[PDB]
Amino acid sequence: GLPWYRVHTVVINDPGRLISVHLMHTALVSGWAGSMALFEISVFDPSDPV
Amino acid sequence: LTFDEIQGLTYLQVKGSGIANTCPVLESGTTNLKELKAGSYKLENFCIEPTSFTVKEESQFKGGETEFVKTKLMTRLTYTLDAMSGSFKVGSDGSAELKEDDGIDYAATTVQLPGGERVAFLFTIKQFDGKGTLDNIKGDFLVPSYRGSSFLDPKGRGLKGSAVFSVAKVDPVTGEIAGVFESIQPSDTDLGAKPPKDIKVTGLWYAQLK
Ligand code: CLA
Ligand code: CLA
Ligand code: CLA
Ligand code: CLA
Ligand SMILES: CC1=C(/C=C/C(C)=C/C=C/C(C)=C/C=C/C=C(C)/C=C/C=C(C)/C=C/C2=C(C)CCCC2(C)C)C(C)(C)CCC1
C-alpha cells in the first residue's frame, strides 16, 4: 500500500511508460504555451505602442 | 483589348472571365494636343476603371499625421462605371467642358482596413461638371445617399467630394480619349452614428467623342 507522495515510483523500472509520461508532460507544457499565447493575443491592445 | 476587339466577342465568350469589367485599351495616341477641334460633342461610352482604393486611416501610430493605406476589395468585380453620357464641349485651346447626366454612375463597394474593420462606401460620379484644360479638369460631384430613406434599420426604425481627371492619349480621327483619374470621397456613416472616413480612388478612364 503506497503512500500518496510516492505514487510515481511505479515507473522507476518501466522505461516505455517513462517516455509516455515525459511525452504527456511535454504536451501539457505546450498546451499552456498555446493557450497563454491565444489568451494574451485576445487581451492585447496594439492601439498605441508609444 | 480595344473597343472593336471587345465588341467582336460574343456574350458567351465575355461571360466568365472578367473582360467585361474593363475599359477598352486605347492605342498609340500620345501628345496630340494640337489635334483637337472644337464642337459641342457628346460621349459614346464614357467608362472609368478604378485600380486602387485607399482609405485615410484616422488611427494614430506615428504622430499627428495620417496617410492613405492600400487595402483589399471585398465583394467581387463590382466596379468600372459604364455607359455614362451627357454633353461634352471641346473649346479653343483644349478647354474641355464635360457634363455628366445619365448612365450607371454609382457602385457600392466594401473595403477592409488592416486591423479587421470593414467600411462600405459608394463610388459615385453622379452629375459631374469638369471644366478645365487637359491637366486638372476639376469640379465636384454628388454622393447622393449610401442607402435610401426607405431603408429598415435592424430593429424596424427610421455631399460633395473631389475628382481630378487627366488626358494622356488622344485618337485624332475618332476622338477616343484616354487618361488617368483620381478622386477623394467620404465613406458611409449610418446617419451620424459613425463618423465618415476619407477614401481616395485612383484609376484610368476612356471615352469616345461624337
Ligand atoms: C524536476 C522535478 C522533479 C521530479 C521529476 C521529481 C520526481 C520524483 N520525486 Mg520529487 N521533488 C522535487 C522535484 C522533482 N521530483 C522538488 C522540487 C521537491 C521539493 C519540494 C521534491 C520532493 C520530493 C519528495 C519529498 C519526494 C519526492 C519523490 C519523487 C518521486 C516520486 C514522486 C511521487 O510519486 O510523488 C507524487 C506527488 C504528488 C502526486 C503530489 C503532487 C501535488 C503537488 C504538490 C501540487 C501540484 C503542483 C502543480 C501542478 C504546480 C507544479 C508545476 C510546476 C510549477 C513545477 C519521483 C522520482 C518521492 C520519493 O523520493 O520517492 C519515495 C518523495 O517522497 N519528491
Ligand atoms: C538517436 C536516437 C534518439 C533520438 C533522436 C532521441 C531523442 C530524444 N529522446 Mg531519446 N533515447 C535514445 C535515442 C534517441 N533519443 C535511446 C537509444 C534511448 C535508450 C533506449 C533513449 C531513451 C530516452 C528516454 C528514456 C527519454 C528520451 C527522451 C528524448 C527526447 C528529449 C527531448 C524532447 O522531448 O524533445 C521534444 C521533442 C519534440 C519537440 C519532437 C521532435 C520530433 C522528434 C524527432 C520525433 C519525431 C518522430 C520520430 C521519428 C519518432 C521516433 C522518435 C525517436 C526514437 C527518434 C528527445 C526527442 C525523453 C522523452 O521521452 O521525451 C519526450 C525521455 O524521457 N530518450
Ligand atoms: C523547468 C521546467 C519544469 C520543471 C522541472 C517542472 C517540474 C515538475 N512538474 Mg511542471 N510544468 C512546467 C515546467 C516545469 N515543471 C510548465 C512550464 C508547465 C505548464 C504550466 C508545467 C505544468 C505541470 C503540470 C500540469 C504538472 C507538472 C508536474 C511537475 C512535477 C512532476 C514530477 C513529480 O510528479 O514529482 C513530484 C512533484 C512534486 C512533489 C512537486 C513539488 C514541487 C512543486 C514546485 C511544488 C510547489 C507548488 C506550489 C506549492 C503551488 C501549488 C500548486 C497548486 C496550488 C496548483 C515536477 C515537479 C506534475 C505534478 O504536479 O506532479 C504530480 C503535473 O501534474 N507540471
Ligand atoms: C518544434 C519545436 C519548437 C519550436 C520551434 C518552439 C518555438 C517557440 N516556443 Mg516552444 N515548446 C516546444 C517546442 C518548440 N517551441 C515544446 C516541445 C515545448 C514543451 C516543452 C515548448 C514549450 C514552450 C513554452 C512554455 C513557451 C514556448 C515559447 C516559444 C517561443 C519563444 C521561444 C523562447 O523564447 O524560448 C527561449 C528558449 C530558451 C531560453 C532555451 C533555454 C534552454 C536552456 C538554455 C538549455 C540549457 C541546458 C542545455 C541542455 C544545454 C547544455 C548543453 C551544452 C553543452 C550546449 C517560440 C516561438 C514561449 C512563448 O512564446 O509562449 C508561447 C513559451 O512561453 N515554448
Ligand atoms: C488531440 C488532438 C487535437 C486537440 C488538441 C488540444 C486542444 C489539446 C489541449 C490543449 C490545452 C488547452 C492544454 C491546456 C494546458 C494548460 C495547463 C496544463 C495549465 C497548467 C497550469 C498550472 C500548472 C498552474 C499551477 C498554479 C495555479 C493553479 C495558478 C498559480 C500558479 C501555480 C503554478 C501555483 C488537435 C486539434 C491538435 C487535432 C489532433 C488531435
# chains A, B, ... in the order shown; residues from 1 in each chain; ligands from 1
call {"tool": "closest_atom_pairs", "arguments": {"of": "chain A", "to": "ligand 5", "cutoff": "12 Å", "atoms": "only C-alpha atoms and all ligand atoms", "output": "CSV"}}
result
residue,atom,partner,partner_atom_place_in_ligand_line,distance
A:24,CA,ligand 5,18 (C),10.0
A:25,CA,ligand 5,18 (C),8.5
A:26,CA,ligand 5,18 (C),9.6
A:27,CA,ligand 5,13 (C),7.6
A:28,CA,ligand 5,18 (C),4.5
A:29,CA,ligand 5,18 (C),6.0
A:30,CA,ligand 5,15 (C),7.2
A:31,CA,ligand 5,13 (C),3.6
A:32,CA,ligand 5,15 (C),3.8
A:33,CA,ligand 5,15 (C),7.4
A:34,CA,ligand 5,11 (C),7.3
A:35,CA,ligand 5,12 (C),5.7
A:36,CA,ligand 5,16 (C),8.1
A:37,CA,ligand 5,12 (C),11.0
A:38,CA,ligand 5,12 (C),10.2
A:39,CA,ligand 5,12 (C),10.8
call {"tool": "write_last_selection", "arguments": {"atoms": "C-alpha atoms", "output": "PDB file, in the first residue's frame"}}
result
ATOM      1  CA  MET A  24       2.443  13.821 -21.534  1.00  0.00           C
ATOM      2  CA  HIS A  25       4.379  16.443 -19.553  1.00  0.00           C
ATOM      3  CA  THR A  26       5.721  17.951 -22.784  1.00  0.00           C
ATOM      4  CA  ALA A  27       2.194  18.032 -24.225  1.00  0.00           C
ATOM      5  CA  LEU A  28       0.859  19.838 -21.150  1.00  0.00           C
ATOM      6  CA  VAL A  29       3.640  22.445 -21.283  1.00  0.00           C
ATOM      7  CA  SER A  30       2.999  23.056 -24.993  1.00  0.00           C
ATOM      8  CA  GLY A  31      -0.727  23.292 -24.266  1.00  0.00           C
ATOM      9  CA  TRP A  32      -0.086  26.015 -21.701  1.00  0.00           C
ATOM     10  CA  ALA A  33       2.119  27.767 -24.266  1.00  0.00           C
ATOM     11  CA  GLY A  34      -0.569  27.799 -26.943  1.00  0.00           C
ATOM     12  CA  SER A  35      -3.409  28.739 -24.605  1.00  0.00           C
ATOM     13  CA  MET A  36      -1.465  31.552 -22.930  1.00  0.00           C
ATOM     14  CA  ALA A  37      -0.437  32.853 -26.351  1.00  0.00           C
ATOM     15  CA  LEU A  38      -4.046  32.914 -27.597  1.00  0.00           C
ATOM     16  CA  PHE A  39      -5.372  34.478 -24.373  1.00  0.00           C
TER      17      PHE A  39
END
call {"tool": "select_by_dssp", "arguments": {"residues": "stretch 23-202 of chain B", "states": "strand (DSSP E or B)", "output": "MDAnalysis selection string"}}
result
chainID B and resid 30 39:41 43 46:56 68:70 73 84 86:90 96:100 106:111 119:124 126 129:132 140 142 162:165 169:170 176:186 198:202
call {"tool": "residues_around", "arguments": {"residues": "residue B:121", "least_positions_apart": "2", "cutoff": "10 Å", "atoms": "only C-alpha atoms", "output": "PDB file with C-alpha atoms, in the first residue's frame"}}
result
ATOM      1  CA  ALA B 107     -21.407  51.360 -57.392  1.00  0.00           C
ATOM      2  CA  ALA B 108     -21.451  50.353 -53.722  1.00  0.00           C
ATOM      3  CA  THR B 109     -18.340  48.504 -52.524  1.00  0.00           C
ATOM      4  CA  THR B 110     -16.901  47.428 -49.181  1.00  0.00           C
ATOM      5  CA  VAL B 111     -13.216  47.544 -48.197  1.00  0.00           C
ATOM      6  CA  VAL B 119     -16.038  50.083 -44.369  1.00  0.00           C
ATOM      7  CA  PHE B 123     -18.371  55.105 -55.806  1.00  0.00           C
ATOM      8  CA  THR B 124     -20.469  57.853 -57.396  1.00  0.00           C
ATOM      9  CA  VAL B 143     -22.508  61.496 -53.097  1.00  0.00           C
ATOM     10  CA  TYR B 146     -25.399  55.469 -49.230  1.00  0.00           C
ATOM     11  CA  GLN B 185     -14.905  60.943 -51.297  1.00  0.00           C
ATOM     12  CA  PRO B 186     -16.340  60.256 -47.827  1.00  0.00           C
ATOM     13  CA  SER B 187     -17.410  56.834 -46.576  1.00  0.00           C
ATOM     14  CA  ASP B 188     -20.764  55.660 -45.158  1.00  0.00           C
ATOM     15  CA  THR B 189     -21.989  56.854 -41.772  1.00  0.00           C
ATOM     16  CA  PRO B 196     -17.073  59.164 -42.000  1.00  0.00           C
ATOM     17  CA  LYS B 197     -13.706  58.290 -43.491  1.00  0.00           C
ATOM     18  CA  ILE B 199     -11.281  57.450 -49.357  1.00  0.00           C
TER      19      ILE B 199
END
call {"tool": "atom_distance", "arguments": {"atom1": "atom CA of residue B:184", "atom2": "atom CA of residue B:163"}}
result
6.5 Å
call {"tool": "residues_near_ligand", "arguments": {"ligand": "ligand 2", "cutoff": "8 Å", "atoms": "only C-alpha atoms and all ligand atoms", "output": "PyMOL selection string"}}
result
chain A and resi 15-16+18-26
call {"tool": "write_last_selection", "arguments": {"atoms": "N, CA and C atoms", "output": "compact mmCIF listing (two decimals), in the first residue's frame"}}
result
# COMPACT_ATOMS: atom_id res chain seq x y z
N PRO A 15 10.60 1.78 -18.73
CA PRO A 15 11.10 2.94 -19.47
C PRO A 15 10.18 3.41 -20.59
N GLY A 16 9.38 2.52 -21.19
CA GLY A 16 8.40 2.98 -22.16
C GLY A 16 7.33 3.85 -21.53
N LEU A 18 7.89 5.53 -18.82
CA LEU A 18 8.64 6.75 -18.51
C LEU A 18 8.65 7.71 -19.70
N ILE A 19 8.82 7.17 -20.90
CA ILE A 19 8.74 8.00 -22.10
C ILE A 19 7.33 8.52 -22.30
N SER A 20 6.32 7.71 -21.95
CA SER A 20 4.93 8.13 -22.06
C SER A 20 4.63 9.32 -21.16
N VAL A 21 5.14 9.32 -19.94
CA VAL A 21 4.86 10.44 -19.06
C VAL A 21 5.75 11.65 -19.36
N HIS A 22 6.96 11.44 -19.90
CA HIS A 22 7.73 12.54 -20.48
C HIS A 22 6.95 13.23 -21.59
N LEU A 23 6.34 12.44 -22.48
CA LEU A 23 5.55 12.98 -23.58
C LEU A 23 4.31 13.71 -23.08
N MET A 24 3.63 13.16 -22.07
CA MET A 24 2.44 13.82 -21.53
C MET A 24 2.79 15.14 -20.86
N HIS A 25 3.91 15.19 -20.14
CA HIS A 25 4.38 16.44 -19.55
C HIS A 25 4.71 17.48 -20.62
N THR A 26 5.38 17.05 -21.69
CA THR A 26 5.72 17.95 -22.78
C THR A 26 4.47 18.48 -23.47
call {"tool": "closest_atom_pairs", "arguments": {"of": "chain A", "to": "ligand 1", "cutoff": "9 Å", "atoms": "only C-alpha atoms and all ligand atoms", "output": "CSV"}}
result
residue,atom,partner,partner_atom_place_in_ligand_line,distance
A:3,CA,ligand 1,34 (O),8.5
A:4,CA,ligand 1,36 (C),6.3
A:5,CA,ligand 1,35 (O),4.0
A:6,CA,ligand 1,34 (O),3.3
A:7,CA,ligand 1,34 (O),3.7
A:8,CA,ligand 1,34 (O),3.5
A:9,CA,ligand 1,31 (C),5.0
A:10,CA,ligand 1,34 (O),8.2
A:11,CA,ligand 1,57 (C),8.5
A:12,CA,ligand 1,57 (C),7.3
call {"tool": "select_by_dssp", "arguments": {"residues": "stretch 2-50 of chain A", "states": "helix (DSSP H, G or I)", "output": "PyMOL selection string"}}
result
chain A and resi 4-11+15-43
call {"tool": "write_last_selection", "arguments": {"atoms": "C-alpha atoms", "output": "PDB file, in the first residue's frame"}}
result
ATOM      1  CA  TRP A   4       0.180   9.281  -1.821  1.00  0.00           C
ATOM      2  CA  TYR A   5       3.534  11.055  -2.177  1.00  0.00           C
ATOM      3  CA  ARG A   6       5.377   8.187  -3.884  1.00  0.00           C
ATOM      4  CA  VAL A   7       2.850   7.000  -6.490  1.00  0.00           C
ATOM      5  CA  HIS A   8       5.168   7.819  -9.396  1.00  0.00           C
ATOM      6  CA  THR A   9       7.720   5.286  -8.135  1.00  0.00           C
ATOM      7  CA  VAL A  10       5.966   2.534 -10.118  1.00  0.00           C
ATOM      8  CA  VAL A  11       7.770   3.779 -13.235  1.00  0.00           C
ATOM      9  CA  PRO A  15      11.098   2.942 -19.474  1.00  0.00           C
ATOM     10  CA  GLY A  16       8.399   2.979 -22.162  1.00  0.00           C
ATOM     11  CA  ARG A  17       5.928   4.301 -19.609  1.00  0.00           C
ATOM     12  CA  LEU A  18       8.638   6.751 -18.513  1.00  0.00           C
ATOM     13  CA  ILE A  19       8.740   8.001 -22.100  1.00  0.00           C
ATOM     14  CA  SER A  20       4.931   8.135 -22.064  1.00  0.00           C
ATOM     15  CA  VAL A  21       4.861  10.445 -19.061  1.00  0.00           C
ATOM     16  CA  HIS A  22       7.733  12.537 -20.481  1.00  0.00           C
ATOM     17  CA  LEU A  23       5.546  12.981 -23.579  1.00  0.00           C
ATOM     18  CA  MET A  24       2.443  13.821 -21.534  1.00  0.00           C
ATOM     19  CA  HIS A  25       4.379  16.443 -19.553  1.00  0.00           C
ATOM     20  CA  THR A  26       5.721  17.951 -22.784  1.00  0.00           C
ATOM     21  CA  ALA A  27       2.194  18.032 -24.225  1.00  0.00           C
ATOM     22  CA  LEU A  28       0.859  19.838 -21.150  1.00  0.00           C
ATOM     23  CA  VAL A  29       3.640  22.445 -21.283  1.00  0.00           C
ATOM     24  CA  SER A  30       2.999  23.056 -24.993  1.00  0.00           C
ATOM     25  CA  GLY A  31      -0.727  23.292 -24.266  1.00  0.00           C
ATOM     26  CA  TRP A  32      -0.086  26.015 -21.701  1.00  0.00           C
ATOM     27  CA  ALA A  33       2.119  27.767 -24.266  1.00  0.00           C
ATOM     28  CA  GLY A  34      -0.569  27.799 -26.943  1.00  0.00           C
ATOM     29  CA  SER A  35      -3.409  28.739 -24.605  1.00  0.00           C
ATOM     30  CA  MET A  36      -1.465  31.552 -22.930  1.00  0.00           C
ATOM     31  CA  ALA A  37      -0.437  32.853 -26.351  1.00  0.00           C
ATOM     32  CA  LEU A  38      -4.046  32.914 -27.597  1.00  0.00           C
ATOM     33  CA  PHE A  39      -5.372  34.478 -24.373  1.00  0.00           C
ATOM     34  CA  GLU A  40      -2.656  37.126 -24.480  1.00  0.00           C
ATOM     35  CA  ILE A  41      -3.471  37.923 -28.120  1.00  0.00           C
ATOM     36  CA  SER A  42      -7.163  38.261 -27.240  1.00  0.00           C
ATOM     37  CA  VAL A  43      -6.398  40.591 -24.327  1.00  0.00           C
TER      38      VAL A  43
END
call {"tool": "interface_residues", "arguments": {"of": "chain B", "to": "chain A", "cutoff": "10 Å", "atoms": "only C-alpha atoms", "output": "ChimeraX atom specification"}}
result
/B:59-63,115
call {"tool": "write_last_selection", "arguments": {"atoms": "N, CA, C and O atoms", "output": "mmCIF file, in the first residue's frame"}}
result
data_model
loop_
_atom_site.group_PDB
_atom_site.id
_atom_site.type_symbol
_atom_site.label_atom_id
_atom_site.label_comp_id
_atom_site.auth_asym_id
_atom_site.auth_seq_id
_atom_site.Cartn_x
_atom_site.Cartn_y
_atom_site.Cartn_z
ATOM 1 N N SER B 59 -6.626 56.431 -37.286
ATOM 2 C CA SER B 59 -5.933 55.978 -36.089
ATOM 3 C C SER B 59 -4.456 56.341 -36.166
ATOM 4 O O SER B 59 -3.828 56.236 -37.222
ATOM 5 N N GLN B 60 -3.902 56.770 -35.036
ATOM 6 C CA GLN B 60 -2.521 57.224 -34.987
ATOM 7 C C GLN B 60 -1.592 56.098 -34.556
ATOM 8 O O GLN B 60 -1.902 55.331 -33.639
ATOM 9 N N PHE B 61 -0.451 56.003 -35.235
ATOM 10 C CA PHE B 61 0.635 55.136 -34.799
ATOM 11 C C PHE B 61 2.000 55.796 -34.886
ATOM 12 O O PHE B 61 2.971 55.218 -34.388
ATOM 13 N N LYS B 62 2.116 56.970 -35.503
ATOM 14 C CA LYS B 62 3.375 57.693 -35.621
ATOM 15 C C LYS B 62 3.325 59.053 -34.945
ATOM 16 O O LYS B 62 4.183 59.362 -34.111
ATOM 17 N N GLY B 63 2.330 59.870 -35.280
ATOM 18 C CA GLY B 63 2.168 61.191 -34.708
ATOM 19 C C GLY B 63 0.817 61.770 -35.072
ATOM 20 O O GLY B 63 -0.170 61.036 -35.155
ATOM 21 N N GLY B 115 -6.424 45.438 -39.547
ATOM 22 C CA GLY B 115 -6.926 45.613 -38.202
ATOM 23 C C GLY B 115 -8.283 44.953 -38.076
ATOM 24 O O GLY B 115 -8.840 44.846 -36.980
#
call {"tool": "residues_around", "arguments": {"residues": "stretch 40-48 of chain B", "least_positions_apart": "2", "cutoff": "6 Å", "atoms": "only C-alpha atoms", "output": "PyMOL selection string"}}
result
chain B and resi 80-85+87-89+205-210
call {"tool": "atom_distance", "arguments": {"atom1": "atom CA of residue B:6", "atom2": "atom CA of residue B:202"}}
result
23.6 Å
call {"tool": "residues_around", "arguments": {"residues": "stretch 17-33 of chain B", "least_positions_apart": "6", "cutoff": "6 Å", "atoms": "only C-alpha atoms", "output": "list in words"}}
result
residues 1, 2, 3, 169, 170 and 171 of chain B
call {"tool": "write_last_selection", "arguments": {"atoms": "N, CA, C and O atoms", "output": "PDB file, in the first residue's frame"}}
result
ATOM      1  N   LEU B   1      -7.890  44.776 -74.499  1.00  0.00           N
ATOM      2  CA  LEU B   1      -8.394  44.845 -75.866  1.00  0.00           C
ATOM      3  C   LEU B   1      -8.814  46.262 -76.220  1.00  0.00           C
ATOM      4  O   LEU B   1      -8.864  47.133 -75.356  1.00  0.00           O
ATOM      5  N   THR B   2      -9.107  46.499 -77.493  1.00  0.00           N
ATOM      6  CA  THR B   2      -9.662  47.778 -77.897  1.00  0.00           C
ATOM      7  C   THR B   2     -11.181  47.653 -77.937  1.00  0.00           C
ATOM      8  O   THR B   2     -11.749  46.635 -77.536  1.00  0.00           O
ATOM      9  N   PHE B   3     -11.854  48.689 -78.439  1.00  0.00           N
ATOM     10  CA  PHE B   3     -13.313  48.724 -78.404  1.00  0.00           C
ATOM     11  C   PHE B   3     -13.915  47.722 -79.381  1.00  0.00           C
ATOM     12  O   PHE B   3     -14.823  46.958 -79.027  1.00  0.00           O
ATOM     13  N   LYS B 169      -3.707  60.096 -73.851  1.00  0.00           N
ATOM     14  CA  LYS B 169      -3.663  59.681 -75.244  1.00  0.00           C
ATOM     15  C   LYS B 169      -4.916  60.145 -75.968  1.00  0.00           C
ATOM     16  O   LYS B 169      -6.024  60.058 -75.431  1.00  0.00           O
ATOM     17  N   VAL B 170      -4.735  60.637 -77.192  1.00  0.00           N
ATOM     18  CA  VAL B 170      -5.819  61.190 -77.996  1.00  0.00           C
ATOM     19  C   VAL B 170      -5.814  60.503 -79.353  1.00  0.00           C
ATOM     20  O   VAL B 170      -4.815  60.565 -80.078  1.00  0.00           O
ATOM     21  N   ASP B 171      -6.920  59.857 -79.695  1.00  0.00           N
ATOM     22  CA  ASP B 171      -7.147  59.437 -81.071  1.00  0.00           C
ATOM     23  C   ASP B 171      -7.551  60.660 -81.884  1.00  0.00           C
ATOM     24  O   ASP B 171      -8.560  61.297 -81.561  1.00  0.00           O
TER      25      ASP B 171
END
call {"tool": "atom_distance", "arguments": {"atom1": "atom CA of residue B:130", "atom2": "atom CA of residue B:79"}}
result
21.3 Å
call {"tool": "residues_around", "arguments": {"residues": "residue B:137", "least_positions_apart": "5", "cutoff": "12 Å", "atoms": "only C-alpha atoms", "output": "PyMOL selection string"}}
result
chain B and resi 94-99+128-132+162-167+179-183
